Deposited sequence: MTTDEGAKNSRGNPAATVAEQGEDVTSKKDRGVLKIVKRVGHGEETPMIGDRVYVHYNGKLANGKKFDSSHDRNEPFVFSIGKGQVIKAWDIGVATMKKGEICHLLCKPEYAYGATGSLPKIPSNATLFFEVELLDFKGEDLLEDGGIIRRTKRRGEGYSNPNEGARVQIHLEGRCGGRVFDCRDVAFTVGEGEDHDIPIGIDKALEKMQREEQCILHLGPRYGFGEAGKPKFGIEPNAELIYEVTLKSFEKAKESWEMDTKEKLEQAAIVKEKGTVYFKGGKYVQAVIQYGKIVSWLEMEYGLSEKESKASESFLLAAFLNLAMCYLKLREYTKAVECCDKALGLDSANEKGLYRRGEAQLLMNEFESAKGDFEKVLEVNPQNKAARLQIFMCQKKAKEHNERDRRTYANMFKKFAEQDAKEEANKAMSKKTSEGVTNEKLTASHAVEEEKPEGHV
């Protein structure tokens, strides 16, 4: 707006983008480190317009976009502060507190809501890798299943933090790009970091657990089971977890059901927990494995699979005694269990080997300190 509300005086040719996290130093003056997030009304409107024009380290002076009517006591009446702001540095938004998905918002959106997992979305995708564009199209897909249209799980995750019509840049770390496997169709290598430009044109959210009737849950349950299973067979474990989770999400707290419904429901529920257990043992997330077994056995205490997988997992977490507890209960439920007995053996074996190691470590690290007394 031509109206001179703010004007300024004065590094890299990059400047803070909406949502960026800024690092600066300031000072004001009427007639005479503070890190925030630009683009958001999290500070003066002027600080959102001027600081958002400074190149990195661009020390400048601004003359302001503030409380005309009455900001005092603490904020002098219809004042007009002046600032010196050393733009130290700015970074993109870390969407999952894990440096896995860093976003740079390019064009604010109109959304009030966001795509939830299961939503069907219409977007535009552009994927670079090492600076080479390997994908550019408009595509429709469902959130959590982008792997079906050759889209890394990172995009699905970011879509849940994106508004309708929003445009952004996403820096996916290996964890969210394709993986150890890479992507030959696109010529992408194992664990390659990727950069995507994305535009969320629109989306239709998936129904929440409670908006579906028992009829639908049970019908949808058979479909996602199948889908989660096809994923398992192809080693797309992360996606199988999402598919089996919907089942737990839909039927875990259900109450007031026909004996017939209730039974068909606990049936799905048990299979889902046990299937999740496999996925987690595959994903090497043992604590998750065990938790799924604890669920399953709360529905069926004599479940061989739950007791076995519970032991595979506990053995891997080194709870040797606990794990043994598992296989004991396996053979009581099935004395002819092949692998059962054999593991118990190993439980002992490894608990012995683990106790030895803890001892050489304790001794040495202890010795270490003692020699630290000069």
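No C-alpha positions are given for the deposited-sequence stretches 1 to 27, 38 to 41, 64 to 75, 108 to 111, 422 to 457.
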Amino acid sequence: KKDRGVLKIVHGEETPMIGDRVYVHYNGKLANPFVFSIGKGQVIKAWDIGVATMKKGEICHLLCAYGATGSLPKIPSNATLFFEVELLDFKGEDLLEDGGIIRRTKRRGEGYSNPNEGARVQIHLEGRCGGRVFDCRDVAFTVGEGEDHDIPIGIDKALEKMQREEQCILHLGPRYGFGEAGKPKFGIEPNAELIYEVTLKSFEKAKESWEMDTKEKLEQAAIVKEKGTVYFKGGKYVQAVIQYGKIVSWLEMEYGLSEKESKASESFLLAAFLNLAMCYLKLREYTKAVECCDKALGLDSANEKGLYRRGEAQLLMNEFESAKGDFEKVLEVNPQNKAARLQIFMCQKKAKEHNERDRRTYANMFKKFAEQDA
From here on, numbers count along this sequence of modelled residues.
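Relative to its counterpart among 102 to 110 and 219 to 227, 102 to 110 has the higher mean temperature factor, C-alpha atoms as listed in the PDB entry. Comparing 22 to 30 with 305 to 313, the higher mean C-alpha B-factor in the PDB entry belongs to 22 to 30. Looking only at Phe83, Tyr196, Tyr286, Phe178, the residue with the top Cα B factor in the deposited structure is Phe83.
The PDB entry assigns the greatest CA B-factor among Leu200, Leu72, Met212, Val133 to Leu72. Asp89: CA B factor in the highest third of modelled residues in this chain (values from the PDB entry). Sort the modelled residues of the chain by CA B factor and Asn78 lands in the highest third. For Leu274, the recorded CA temperature factor ranks within the middle third of the chain's modelled residues. When the modelled residues of the chain are ordered by their C-alpha B factor, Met253 lands in the highest third.
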